[PDB]
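J.: Sharing query.txt here; it has compact mmCIF, C-alpha atoms.
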```txt
# COMPACT_ATOMS: atom_id res chain seq x y z
CA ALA A 58 -13.79 13.51 -8.15
CA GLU A 59 -12.83 10.97 -10.90
CA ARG A 60 -16.03 8.84 -10.35
CA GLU A 61 -18.04 12.08 -10.74
CA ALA A 62 -15.80 13.06 -13.73
CA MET A 63 -16.58 9.68 -15.43
CA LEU A 64 -20.31 10.52 -15.08
CA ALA A 65 -19.72 14.12 -16.28
CA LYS A 66 -17.59 12.84 -19.24
CA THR A 67 -20.39 10.33 -20.06
CA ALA A 68 -22.74 13.35 -20.49
CA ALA A 69 -20.10 15.55 -22.20
CA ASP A 70 -19.16 12.79 -24.72
CA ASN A 71 -22.88 11.97 -25.27
CA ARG A 72 -23.73 15.63 -26.11
CA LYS A 73 -20.44 16.12 -28.07
CA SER A 74 -21.30 12.93 -30.07
CA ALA A 75 -24.80 14.29 -30.90
CA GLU A 76 -23.31 17.75 -31.69
CA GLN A 77 -20.61 16.19 -33.94
CA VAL A 78 -23.20 13.92 -35.71
CA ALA A 79 -25.46 16.96 -36.30
CA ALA A 80 -22.38 18.97 -37.47
CA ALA A 81 -21.41 16.05 -39.80
CA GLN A 82 -24.86 16.13 -41.47
CA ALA A 83 -24.95 19.99 -41.50
CA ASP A 84 -21.42 20.22 -43.05
CA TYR A 85 -22.33 17.49 -45.60
CA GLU A 86 -25.47 19.47 -46.61
CA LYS A 87 -23.56 22.83 -46.41
CA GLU A 88 -21.01 21.45 -48.93
CA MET A 89 -23.87 20.07 -51.01
CA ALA A 90 -25.47 23.53 -51.03
CA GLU A 91 -22.22 25.21 -52.07
CA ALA A 92 -21.93 22.60 -54.83
CA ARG A 93 -25.48 23.29 -56.00
CA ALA A 94 -24.73 27.01 -56.04
CA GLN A 95 -21.53 26.52 -58.03
CA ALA A 96 -23.26 24.21 -60.51
CA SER A 97 -26.10 26.68 -61.04
CA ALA A 98 -23.54 29.47 -61.39
CA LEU A 99 -21.69 27.60 -64.13
CA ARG A 100 -24.98 26.69 -65.82
CA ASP A 101 -26.32 30.24 -65.86
CA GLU A 102 -22.90 31.47 -67.00
CA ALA A 103 -23.03 29.01 -69.90
CA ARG A 104 -26.53 30.22 -70.78
CA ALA A 105 -25.51 33.89 -70.64
CA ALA A 106 -22.43 33.21 -72.76
CA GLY A 107 -24.52 31.29 -75.29
CA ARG A 108 -27.03 34.13 -75.54
CA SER A 109 -24.22 36.67 -75.97
CA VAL A 110 -22.66 34.54 -78.71
CA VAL A 111 -26.06 34.17 -80.39
CA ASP A 112 -26.57 37.92 -80.63
CA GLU A 113 -22.95 38.50 -81.69
CA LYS A 114 -23.22 35.98 -84.53
CA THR B 31 -6.43 0.03 27.94
CA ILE B 32 -3.69 1.24 25.62
CA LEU B 33 -3.61 -2.21 24.04
CA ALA B 34 -7.38 -2.19 23.57
CA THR B 35 -6.88 1.00 21.56
CA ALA B 36 -3.74 -0.17 19.77
CA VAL B 37 -5.73 -3.07 18.34
CA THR B 38 -8.18 -0.58 16.85
CA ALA B 39 -5.44 1.67 15.49
CA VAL B 40 -3.80 -1.32 13.82
CA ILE B 41 -7.08 -2.49 12.29
CA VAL B 42 -7.87 0.96 10.91
CA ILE B 43 -4.27 1.32 9.68
CA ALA B 44 -4.38 -2.06 7.96
CA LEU B 45 -7.62 -0.94 6.32
CA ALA B 46 -5.96 2.23 5.03
CA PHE B 47 -3.14 -0.06 3.87
CA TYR B 48 -5.65 -2.22 2.00
CA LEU B 49 -7.24 0.88 0.42
CA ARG B 50 -3.78 2.17 -0.70
CA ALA B 51 -3.30 -1.25 -2.27
CA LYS B 52 -6.67 -1.65 -3.95
CA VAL B 53 -7.89 1.82 -5.00
CA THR B 54 -9.15 2.28 -8.60
CA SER B 55 -10.98 5.34 -10.00
CA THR B 56 -11.13 3.76 -13.53
CA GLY B 57 -12.17 0.24 -12.31
CA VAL B 58 -14.76 -1.58 -10.09
CA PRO B 59 -14.27 -0.87 -6.32
CA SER B 60 -13.73 -3.53 -3.63
CA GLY B 61 -15.51 -3.36 -0.24
CA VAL B 62 -12.95 -1.17 1.48
CA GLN B 63 -13.23 1.46 -1.30
CA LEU B 64 -17.03 1.61 -0.98
CA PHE B 65 -16.85 1.93 2.88
CA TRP B 66 -14.15 4.61 2.90
CA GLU B 67 -15.93 6.49 0.05
CA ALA B 68 -19.39 6.36 1.69
CA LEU B 69 -17.98 7.74 4.98
CA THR B 70 -15.89 10.47 3.32
CA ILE B 71 -18.75 11.55 0.98
CA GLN B 72 -21.30 11.64 3.86
CA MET B 73 -19.05 13.85 5.97
CA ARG B 74 -18.19 15.88 2.81
CA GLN B 75 -21.88 16.53 2.09
CA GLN B 76 -22.36 17.49 5.73
CA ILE B 77 -19.48 19.96 5.91
CA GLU B 78 -20.49 21.33 2.51
CA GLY B 79 -23.98 21.93 3.90
CA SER B 80 -22.90 24.24 6.73
CA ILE B 81 -19.44 25.75 6.22
CA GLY B 82 -18.42 24.82 2.67
CA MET B 83 -15.44 22.61 1.87
CA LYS B 84 -13.44 25.67 0.75
CA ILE B 85 -13.47 27.44 4.13
CA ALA B 86 -12.83 24.51 6.52
CA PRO B 87 -11.60 21.43 4.65
CA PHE B 88 -9.26 20.43 7.48
CA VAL B 89 -12.19 18.99 9.45
CA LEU B 90 -12.94 16.07 7.09
CA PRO B 91 -9.87 13.95 8.11
CA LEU B 92 -10.51 14.52 11.81
CA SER B 93 -14.18 13.61 11.45
CA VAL B 94 -13.47 10.44 9.51
CA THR B 95 -10.69 9.28 11.82
CA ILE B 96 -12.93 9.87 14.83
CA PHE B 97 -15.79 7.93 13.25
CA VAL B 98 -13.71 4.95 12.20
CA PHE B 99 -11.78 4.93 15.47
CA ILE B 100 -14.76 4.89 17.83
CA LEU B 101 -16.90 2.72 15.53
CA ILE B 102 -14.22 0.04 15.32
CA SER B 103 -13.70 0.32 19.07
CA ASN B 104 -17.37 -0.29 19.84
CA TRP B 105 -17.76 -3.08 17.27
CA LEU B 106 -14.63 -4.81 18.57
CA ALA B 107 -16.12 -4.56 22.05
CA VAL B 108 -18.74 -7.00 20.76
CA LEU B 109 -16.36 -9.82 19.88
CA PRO B 110 -16.66 -12.56 22.53
CA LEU B 111 -13.44 -11.92 24.44
CA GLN B 112 -15.43 -12.38 27.67
CA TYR B 113 -14.22 -15.00 30.15
CA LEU B 123 -9.72 -9.78 28.23
CA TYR B 124 -11.10 -7.02 26.08
CA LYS B 125 -13.21 -4.15 27.39
CA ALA B 126 -14.38 -1.18 25.37
CA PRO B 127 -11.79 1.62 25.60
CA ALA B 128 -14.37 4.36 26.05
CA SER B 129 -15.22 2.65 29.35
CA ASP B 130 -12.15 4.54 30.57
CA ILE B 131 -12.42 8.32 30.88
CA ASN B 132 -8.91 8.75 29.51
CA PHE B 133 -9.77 7.76 25.93
CA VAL B 134 -12.93 9.84 25.65
CA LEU B 135 -11.16 12.76 27.31
CA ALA B 136 -8.27 12.68 24.87
CA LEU B 137 -10.63 12.53 21.93
CA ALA B 138 -13.07 15.23 23.01
CA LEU B 139 -10.30 17.52 24.28
CA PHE B 140 -8.41 17.24 21.01
CA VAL B 141 -11.59 18.06 19.09
CA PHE B 142 -12.18 21.05 21.37
CA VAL B 143 -8.66 22.44 21.06
CA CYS B 144 -8.66 21.86 17.30
CA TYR B 145 -11.84 23.69 16.41
CA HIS B 146 -11.30 26.49 18.92
CA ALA B 147 -7.75 27.01 17.65
CA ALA B 148 -9.10 27.02 14.10
CA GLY B 149 -11.58 29.71 15.07
CA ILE B 150 -8.76 31.72 16.62
CA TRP B 151 -6.63 31.13 13.51
CA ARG B 152 -9.51 32.41 11.38
CA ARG B 153 -10.64 35.50 13.29
CA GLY B 154 -7.43 35.88 15.28
CA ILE B 155 -6.45 35.33 18.90
CA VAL B 156 -7.78 38.78 19.81
CA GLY B 157 -11.01 38.39 17.85
CA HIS B 158 -12.51 34.92 18.18
CA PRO B 159 -13.05 34.69 21.97
CA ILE B 160 -15.25 37.79 22.21
CA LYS B 161 -17.23 36.85 19.09
CA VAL B 162 -17.78 33.35 20.49
CA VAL B 163 -18.98 34.78 23.80
CA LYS B 164 -21.41 37.22 22.20
CA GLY B 165 -22.49 34.42 19.89
CA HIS B 166 -25.85 34.34 18.19
CA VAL B 167 -27.66 36.81 20.48
CA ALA B 168 -25.95 39.29 22.80
CA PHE B 169 -28.67 38.81 25.42
CA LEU B 170 -27.35 35.23 25.70
CA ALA B 171 -23.72 36.33 26.15
CA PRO B 172 -23.33 34.81 29.66
CA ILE B 173 -25.14 31.62 28.62
CA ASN B 174 -22.94 31.18 25.55
CA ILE B 175 -19.98 30.61 27.86
CA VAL B 176 -21.80 27.63 29.34
CA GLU B 177 -22.85 26.83 25.78
CA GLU B 178 -19.14 27.01 24.94
CA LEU B 179 -17.87 25.19 28.02
CA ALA B 180 -20.66 22.64 27.46
CA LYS B 181 -19.41 21.77 23.97
CA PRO B 182 -16.39 19.66 25.02
CA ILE B 183 -17.91 18.08 28.12
CA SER B 184 -21.03 17.06 26.21
CA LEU B 185 -18.81 15.20 23.77
CA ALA B 186 -16.86 13.35 26.42
CA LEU B 187 -19.24 12.21 29.13
CA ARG B 188 -21.68 11.02 26.47
CA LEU B 189 -19.33 8.72 24.60
CA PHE B 190 -18.12 7.49 27.97
CA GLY B 191 -21.54 7.27 29.55
CA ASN B 192 -23.00 5.02 26.87
CA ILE B 193 -20.09 2.67 26.29
CA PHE B 194 -19.43 2.42 30.01
CA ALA B 195 -23.12 1.64 30.36
CA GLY B 196 -22.40 -1.40 28.22
CA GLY B 197 -19.16 -2.42 29.89
CA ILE B 198 -20.95 -2.76 33.21
CA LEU B 199 -24.01 -4.40 31.73
CA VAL B 200 -22.09 -7.12 29.91
CA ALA B 201 -20.55 -7.86 33.29
CA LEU B 202 -23.84 -7.68 35.17
CA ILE B 203 -25.50 -10.07 32.74
CA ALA B 204 -22.56 -12.41 33.31
CA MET B 205 -23.98 -12.67 36.83
CA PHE B 206 -26.55 -15.00 35.27
CA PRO B 207 -26.10 -18.69 34.64
CA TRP B 208 -24.91 -19.36 31.13
CA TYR B 209 -28.24 -20.66 29.78
CA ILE B 210 -30.07 -17.54 30.92
CA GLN B 211 -26.95 -15.55 30.05
CA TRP B 212 -26.93 -16.14 26.31
CA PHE B 213 -30.25 -14.36 25.75
CA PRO B 214 -29.71 -10.95 27.40
CA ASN B 215 -26.11 -10.79 26.19
CA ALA B 216 -27.28 -11.54 22.66
CA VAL B 217 -29.99 -8.88 22.73
CA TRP B 218 -27.70 -6.30 24.34
CA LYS B 219 -24.84 -6.78 21.89
CA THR B 220 -27.30 -6.86 19.00
CA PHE B 221 -28.55 -3.40 19.89
CA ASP B 222 -25.12 -2.26 21.11
CA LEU B 223 -23.75 -2.47 17.60
CA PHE B 224 -26.47 -0.02 16.59
CA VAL B 225 -26.04 2.22 19.63
CA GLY B 226 -22.28 2.47 19.18
CA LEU B 227 -22.64 3.27 15.50
CA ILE B 228 -25.22 5.95 16.31
CA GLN B 229 -23.05 7.49 19.02
CA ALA B 230 -20.12 7.57 16.61
CA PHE B 231 -22.22 9.32 13.98
CA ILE B 232 -23.43 11.70 16.70
CA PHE B 233 -19.92 12.51 17.88
CA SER B 234 -18.69 13.19 14.36
CA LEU B 235 -21.73 15.21 13.34
CA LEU B 236 -21.68 17.38 16.46
CA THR B 237 -17.95 17.89 15.93
CA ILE B 238 -18.74 19.13 12.43
CA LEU B 239 -21.50 21.40 13.71
CA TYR B 240 -19.29 22.83 16.44
CA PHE B 241 -16.63 23.54 13.83
CA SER B 242 -19.24 25.25 11.65
CA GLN B 243 -20.68 27.49 14.35
CA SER B 244 -17.14 28.20 15.54
CA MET B 245 -16.37 29.71 12.14
CA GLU B 246 -19.62 31.71 12.14
```
Starting from the file, give its structure as C-alpha cells.
T.:
Amino acid sequence: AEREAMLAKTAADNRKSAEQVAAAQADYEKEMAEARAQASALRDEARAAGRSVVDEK
Amino acid sequence: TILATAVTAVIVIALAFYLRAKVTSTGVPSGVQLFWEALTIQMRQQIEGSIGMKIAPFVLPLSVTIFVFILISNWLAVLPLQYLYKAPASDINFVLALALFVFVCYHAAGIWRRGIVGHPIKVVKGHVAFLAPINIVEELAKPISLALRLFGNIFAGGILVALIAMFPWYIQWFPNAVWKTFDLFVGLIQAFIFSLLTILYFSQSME
C-alpha cells in the first residue's frame, strides 16, 4: 500500500505542483489587475476632481 | 518425515525473519522483499478477481503459507541428499494434513458466513438444482482432488529418483539431471495449482 502510495503521491504532487504554479501566475496577474483597476480609479478620480475644480473656479 | 518438513518450516521461518529485518517501504527492496511481495500481490489480485479482498481476506495468509511451504519442500527435494532426504509429499500424511485443513477452513468459513443451518443446503443445490446430487461429489471431490494430486506427482518423483538410481552412475547423471530440471518446474506448477484451486474453492464456497 505504501509503494502504491508513493506512486499515487508522485502523481498528486505533480498535479498539485502544476496547479500551484498556475495559481501562482493567476494570483500574480489577479493582483496586477486589481492594481491596474485601482490606478485607473485614482487617475479618473483625479481627472473628475480637476474638471470639477475647473468649472468651480 | 517430520524432520523433512521441519527443515522447510525453519527455512520459511528464517525467511520471514529476514523480511522482518530488512523490510523498507521508503527504500530499495532486497530479494526477500521482492519474492514475498510478488507472491502476496499475485494471490491478492487473484482473490480480488473472484471474491474481493473485503469479503474473504483471511484466505491470503493460508494461500501464501501453502505456496511457500510446498514450493520449498519440492525445491529442497532437489538438493543432492541422495546416497537421507525424501520429499515430504511422498507420504500421504503431509498432503492429507494440508488438504484436510484447507477443506475444513473454507467449509467452516462458508458456514460462518451463511450459518451452520444455511451453508450445507446452498452448497448442495449449488449452481444448478438439476445437479444437486452431483454437487455432493463435486463437494466431496474438492478435498480429495487436492490431496491425491500433490501426493501423486511428488511421489511420482520420489520413486523415479530411486528408479533412475538403478542405473550406473555414468548413465545415471543424465536422467536424474533432466528429471530434476523439470521437477523444479512441475513442483512449482503444482504449488501454484494447489493455491489457486484453494482460492477458487473458497470463492465458490462463499457464492
J.: Show me which bits of chain A are within 12 Å of chain B, counting only C-alpha atoms, as a PyMOL selection string.
T.: chain A and resi 58-64
J.: Pick from B:243, B:103, B:237, B:215: nearest to residue 193 (chain B), with all atoms listed in the file counted?
T.: B:103
J.: Fewer than 4 positions away in the same chain doesn't count, so skip those; otherwise give me all residues within 10 Å of residue 48 (chain B), counting only C-alpha atoms, as a ChimeraX atom specification.
T.: /B:42-44,52-53,60,62-63
J.: For the point (-10.2, 20.6, 10.5) in the file's frame, write as an mmCIF file with C-alpha atoms, in the coordinates of the input all residues with an atom no more than 8 Å away, counting all atoms listed in the file.
T.:
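Wrote it out as point-v5.cif, contents follow:
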```cif
data_model
loop_
_atom_site.group_PDB
_atom_site.id
_atom_site.type_symbol
_atom_site.label_atom_id
_atom_site.label_comp_id
_atom_site.auth_asym_id
_atom_site.auth_seq_id
_atom_site.Cartn_x
_atom_site.Cartn_y
_atom_site.Cartn_z
ATOM 1 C CA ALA B 86 -12.830 24.510 6.520
ATOM 2 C CA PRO B 87 -11.600 21.430 4.650
ATOM 3 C CA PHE B 88 -9.260 20.430 7.480
ATOM 4 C CA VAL B 89 -12.190 18.990 9.450
ATOM 5 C CA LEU B 90 -12.940 16.070 7.090
ATOM 6 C CA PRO B 91 -9.870 13.950 8.110
ATOM 7 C CA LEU B 92 -10.510 14.520 11.810
ATOM 8 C CA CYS B 144 -8.660 21.860 17.300
ATOM 9 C CA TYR B 145 -11.840 23.690 16.410
ATOM 10 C CA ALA B 148 -9.100 27.020 14.100
ATOM 11 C CA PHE B 241 -16.630 23.540 13.830
#
```
J.: May I ask for the distance between CA of residue 200 (chain B) and CA of residue 35 (chain B), given in Å to one decimal place?
T.: 19.2 Å
J.: Please measure the separation of CA of residue 234 (chain B) and CA of residue 65 (chain B), giving the value in Å to one decimal.
T.: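 If I compute the distance from CA of residue 234 (chain B) to CA of residue 65 (chain B), I get 16.2 Å.
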